[PDB]
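Step one of this worksheet: look at the structure below.
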Amino acid sequence: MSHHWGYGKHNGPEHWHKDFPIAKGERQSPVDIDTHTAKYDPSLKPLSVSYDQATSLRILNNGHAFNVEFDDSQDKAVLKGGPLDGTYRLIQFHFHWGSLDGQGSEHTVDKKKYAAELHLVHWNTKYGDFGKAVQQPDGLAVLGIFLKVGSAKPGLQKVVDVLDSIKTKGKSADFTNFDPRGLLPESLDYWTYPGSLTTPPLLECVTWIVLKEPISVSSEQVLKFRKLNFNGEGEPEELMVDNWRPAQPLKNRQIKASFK
Ligand SMILES: NC(N)=NC1=[SH]CC(CSCC/C(N)=N/S(N)(=O)=O)=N1
Ligand SMILES: [Zn+2]
């Protein structure tokens, strides 16, 4: 029980396959996005991001990241279009980030690593609930957005300022009326490919949609991410940093671009 997966030397990504053999599967994520090789697919549609009726509820430190959770019991905040067939409901978002500004993203672009990566996780409403959706090859759609360090992202600050209250694993806080539209870049140009969850159980249920344009966050904003703890309250401090899985083999997949 006590030797659980994580991001350390003894329980990190190179160990995950022992408990989760799908870690060596045929459609694992993340991947490197080779820009010159990705092919423009003129049949891909614009993404439809409809977040105006989003109902955020709570923010949780789960010991690996923090999740901002949404009410997904109705079609409030939904992702449609692009490569997707049907309607995908937003359930949560979270980030992956580094100990230094030169690492932290899960996807890479021509081997470049960004400081962090935002994942907005959505599930296909034809499967009725999230737990059923993760058992399907087209069950989830994760919208990935890169973060670089530069100017502050004003729409991120409300997240940053609540992190002191969920420092340690298992802590949560009310987090209502947060508008995830404030985390998007200007352009919705994207790459897409079939992949997996990037944490155990690593299920091969995700249509990945990775935006081309990064958002900028300030050094102070990402420094606050790095003050979070992997540990629970009253345990030795382990800073929550480098909670990213490295790029996995592309195998028999093609990455498609929505743009020329
Ligand atoms: N609840 C339920 N029935 N199953 C599962 S499997 C993983 C999980 C937690 S959310 C799925 C993990 C995730 N979003 N990975 S990522 N980094 O976005 O690719 N719940
Ligand atoms: Zn993620």
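Numbering of residues begins at 1 and proceeds along the displayed sequence. Whatever order the structure lists ligands and atoms in, that order sets their numbers, starting from 1. All values below were derived from every heavy atom in this structure, side-chain atoms included, with hydrogens, water molecules and symmetry-related copies excluded.
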Given the side-chain rings of [X] and [Y], with only the six-membered ring counted for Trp, is the space between their centroids under 6.0 Å?
X      : Y      : value
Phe259 : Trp191 : yes
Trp16  : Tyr7   : yes
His119 : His96  : yes
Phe70  : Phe178 : no
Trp208 : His107 : yes

State yes or no: do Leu228 and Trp244 share one hydrophobic cluster built from I, L, V, M, F, W and Y residues joined by side-chain heavy-atom distances below 4.5 Å, directly or via other members?
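No, separate clusters.
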For the Zn ion (ligand 2), every protein N/O/S atom that sits closer than 2.8 Å, waters excluded
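You should have found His94 NE2, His96 NE2, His119 ND1.
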Under the ring pair (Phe, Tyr, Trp, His ring centres under 6.0 Å) test against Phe66, which residue among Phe175, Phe230, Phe225 passes?
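The ring pair (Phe, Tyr, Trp, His ring centres under 6.0 Å) with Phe66 is passed solely by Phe225 among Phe175, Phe230, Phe225.
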Does this structure show an ion pair linking [X] with [Y], if we count only N-O contacts that are shorter than 4.0 Å?
X      : Y      : answer
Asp75  : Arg89  : yes
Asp138 : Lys126 : yes
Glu237 : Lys167 : yes

Take every heavy atom of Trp208, measure it against each atom of ligand 1, and state whether any distance is under 4.0 Å.
yes
Examine ligand 1 and decide if any of its atoms is less than 4.0 Å from a heavy atom belonging to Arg245.
no
Location of contacts on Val121 toward ligand 1, heavy atoms closer than 4.0 Å:
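It is the side chain that gets close, since no backbone atom is under 4.0 Å.
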Region of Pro201 that comes within reach of ligand 1 [heavy atoms, distance under 4.0 Å]
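The answer is the side chain.
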Enumerated ligand 1 atoms positioned under 4.0 Å from heavy atoms of [X]:
X      : answer
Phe130 : 1 (N), 2 (C), 4 (N), 5 (C), 10 (S), 11 (C), 20 (N)
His119 : 17 (N), 18 (O)
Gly131 : 3 (N)
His96  : 17 (N)

Roughly how far apart are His3 NE2 and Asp19 CG, rounded to 0.5 Å?
9.5 Å
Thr198 versus ligand 1: do any nitrogen or oxygen atoms come within less than 3.5 Å of each other?
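Between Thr198 and ligand 1 (N or O atoms, distance only) the closest approach is under 3.5 Å.
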Ranking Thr199, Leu140, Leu202, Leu197 by closest non-hydrogen atom to atom 11 (C) of ligand 1, top hit is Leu197
